[PDB]
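Here's the structure we're looking at; comments come further down.
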Amino acid sequence: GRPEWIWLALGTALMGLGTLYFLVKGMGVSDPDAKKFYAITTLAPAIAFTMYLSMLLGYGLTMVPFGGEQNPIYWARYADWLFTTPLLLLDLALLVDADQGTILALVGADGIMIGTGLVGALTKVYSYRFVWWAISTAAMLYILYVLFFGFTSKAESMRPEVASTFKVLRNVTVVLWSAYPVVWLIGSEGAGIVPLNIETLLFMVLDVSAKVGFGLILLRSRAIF
Ligand SMILES: *C/C=C(C)/C=C/C=C(C)/C=C/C1=C(C)CCCC1(C)C
């Protein structure tokens, strides 16, 4: 057992409770719109959980040579994010009745963001790793921009209950998402300042808040109906 296993086991559990809790709740609703929010928001933690459980069994980890040592890299995150991040975005988009072309672009951006962050994490030349990280972040700030400006202004043209739920969900997403690039920069994938075990703790906290925490705020609100 690697020092960080405690945090993988604790994400596993929390994603697990979150997935089943949402599954149940959503299975009892008959409203066709609420069902759609549920399927999507249940699928996120579902994908998370199977990927955290994978990591807890020691898969999804490779050694990458850079700055003269063998650094450990949990590529399994990216497998998870790749599919979970668009899923969250989609929620926000359904919520504000956003245009088809906005969604494609956001997903577009998102693929870019995760794609590059991964290549970042696998690059053997130390310098270049930061070239990818900076592209990934650029792609991300593009996303947040559109959420904050684009989506909010769409939210205005909906009921107060829907708009004010979006805002909460918007704020939560802007706080968590903007932590990730910093964690990566200071963690084992970047500067190797914060060790792997603490890096995992921070990602789990962010992973869980952003899927269990989000789902809970969204799924309890009248605005899904
Ligand atoms: C459920 C998982 C969520 C909601 C994760 C979001 C992850 C990001 C917003 C990742 C951003 C990254 C950068 C901005 C550059 C560095 C590497 C990435 C993946 C960590």
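Following the order of the structure tokens, chains are lettered A, B, ..., residues in each are numbered from 1, and ligands are numbered from 1.
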Practice prompt. As a ChimeraX atom specification, list the residues of range 22-67 of chain A assigned to helix (DSSP H, G or I) by DSSP on the backbone atoms of this structure.
Written response: /A:22-27,32-56
Show me, as a count of residues only, the residues that have an atom within 12 Å of residue 47 in chain A when counting only C-alpha atoms, minus same-chain residues fewer than 6 positions from it.
22
Could you give me the residues within 7 Å of ligand 1, counting only C-alpha atoms and all ligand atoms, as a CSV table (one decimal) with N, CA and C atoms, in the first residue's frame?
```csv
chain,number,residue,atom,x,y,z
A,78,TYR,N,-7.3,11.2,-15.8
A,78,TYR,CA,-7.6,11.8,-17.1
A,78,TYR,C,-8.7,11.1,-17.9
A,81,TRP,N,-11.9,12.4,-15.8
A,81,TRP,CA,-12.1,13.8,-16.2
A,81,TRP,C,-12.6,13.8,-17.6
A,84,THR,N,-16.2,12.8,-17.2
A,84,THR,CA,-16.9,13.5,-16.2
A,84,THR,C,-17.1,15.0,-16.4
A,85,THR,N,-16.0,15.6,-16.8
A,85,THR,CA,-16.0,17.0,-17.0
A,85,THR,C,-17.1,17.5,-18.0
A,88,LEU,N,-20.5,17.3,-16.3
A,88,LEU,CA,-20.9,18.4,-15.5
A,88,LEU,C,-21.3,19.6,-16.4
A,113,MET,N,-8.7,20.6,-23.2
A,113,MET,CA,-8.1,20.8,-21.9
A,113,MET,C,-7.6,19.5,-21.3
A,114,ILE,N,-8.4,18.5,-21.2
A,114,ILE,CA,-8.0,17.2,-20.7
A,114,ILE,C,-6.9,16.5,-21.5
A,117,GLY,N,-3.7,18.1,-20.9
A,117,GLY,CA,-3.2,18.1,-19.6
A,117,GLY,C,-2.5,16.7,-19.4
A,118,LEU,N,-3.1,15.7,-20.2
A,118,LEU,CA,-2.6,14.4,-20.2
A,118,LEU,C,-1.2,14.2,-20.8
A,133,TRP,N,0.6,22.1,-19.8
A,133,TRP,CA,-0.1,22.7,-18.8
A,133,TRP,C,-0.7,24.1,-19.1
A,134,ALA,N,0.1,25.0,-19.7
A,134,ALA,CA,-0.3,26.3,-20.0
A,134,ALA,C,-1.4,26.3,-21.1
A,136,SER,N,-3.5,23.7,-21.6
A,136,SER,CA,-4.7,23.1,-21.0
A,136,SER,C,-5.5,24.1,-20.2
A,137,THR,N,-4.8,25.0,-19.4
A,137,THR,CA,-5.3,26.1,-18.5
A,137,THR,C,-6.0,27.2,-19.4
A,140,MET,N,-9.2,25.7,-20.3
A,140,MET,CA,-10.0,25.9,-19.1
A,140,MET,C,-10.6,27.3,-18.8
A,177,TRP,N,-12.8,24.3,-10.2
A,177,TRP,CA,-12.0,24.0,-11.4
A,177,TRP,C,-10.8,24.8,-11.5
A,178,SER,N,-10.8,26.1,-11.0
A,178,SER,CA,-9.6,26.8,-11.0
A,178,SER,C,-8.5,26.4,-10.0
A,180,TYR,N,-7.4,23.2,-9.9
A,180,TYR,CA,-6.8,22.0,-10.5
A,180,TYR,C,-5.5,22.3,-11.1
A,181,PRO,N,-5.5,23.3,-12.0
A,181,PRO,CA,-4.2,23.7,-12.6
A,181,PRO,C,-3.0,24.0,-11.7
A,184,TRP,N,-1.8,20.7,-10.0
A,184,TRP,CA,-1.0,20.0,-10.9
A,184,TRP,C,0.3,20.7,-11.0
A,207,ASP,N,-12.4,16.5,-6.5
A,207,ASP,CA,-13.2,15.5,-7.3
A,207,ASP,C,-14.6,15.3,-6.7
A,210,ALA,N,-17.0,18.4,-6.4
A,210,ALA,CA,-17.4,18.8,-7.8
A,210,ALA,C,-18.3,17.7,-8.4
A,211,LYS,N,-18.5,16.6,-7.8
A,211,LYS,CA,-19.4,15.6,-8.3
A,211,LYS,C,-20.5,15.3,-7.3
```
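We find CA of residue 58 in chain A and CA of residue 123 in chain A to be spaced 21.6 Å apart.
Listed by chain and then by rising number, the residues of range 3-214 of chain A that DSSP assigns to strand (DSSP E) from the backbone are residues 61, 62, 63, 64, 65, 66, 69, 70, 71, 72, 73 and 74 of chain A.
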If you count only C-alpha atoms, the residue of A:144, A:125, A:73, A:119 closest to residue 61 in chain A turns out to be A:73
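The nearest approach to residue 171 in chain A among the residues A:112, A:92, A:17, A:39, with only C-alpha atoms taken into account, belongs to A:92.
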Restricting the calculation to only C-alpha atoms, which member of A:4, A:154, A:110, A:194 is positioned closest to residue 141 in chain A?
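The answer is A:110, which sits nearest to residue 141 in chain A.
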